[PDB]
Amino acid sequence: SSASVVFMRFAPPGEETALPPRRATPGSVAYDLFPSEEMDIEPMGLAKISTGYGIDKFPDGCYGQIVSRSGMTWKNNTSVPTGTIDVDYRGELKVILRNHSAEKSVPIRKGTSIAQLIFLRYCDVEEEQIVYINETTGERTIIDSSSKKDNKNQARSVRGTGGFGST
């Protein structure tokens, strides 16, 4: 089960919630996220929209990146300015959507997907070093070095449901 994902639905079974993440076509690279509640983003506004789902299990070597959908961007003059989901995040996925229109509001509706989640491959660094390289001599001075187990320069040990500048 290498190319597998487990989404966690925050609402109990039988309770009403957002439409589940879905892949629009067989070659779609991302899951369309839907809003749990409806709203209208005011001109020049910034919204944090709940999707009703979290990620219980990520595919191996991947993290989740929320990116904009081209239709929502172009037709509604928006952007998704952030969307990096850490692999220890246990909370609900929230979409940050910016309205760039000075006169029009953006409709957020239950049947229409607001952004998409892609599972990107990244390197979870095991070893790191900070070096100083002398521009004139070429001499390398090791300033510091750490292994992932060292948990050096850490904000906290457990992310939990903490996000949005929680560190």
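Counting begins at 1, following the sequence as shown.
34 to 42 and 132 to 140 differ in mean CA B-factor, and the higher of the two is recorded for 132 to 140. In this crystal structure, the stretch out of 9 to 17 and 151 to 159 whose C-alpha atoms carry the higher mean B factor is 151 to 159.
Sort the modelled residues of the chain by CA B factor and residue 110 lands in the lowest third. Residue 121: CA B factor in the middle third of modelled residues in this chain (values from the PDB entry). When the modelled residues of the chain are ordered by their C-alpha B factor, residue 62 lands in the middle third. Among the modelled residues of its chain, residue 69 has a C-alpha B-factor that falls in the lowest third according to the deposited record. In the deposited entry, the Cα temperature factor of residue 47 sits in the middle third of values across the chain's modelled residues.
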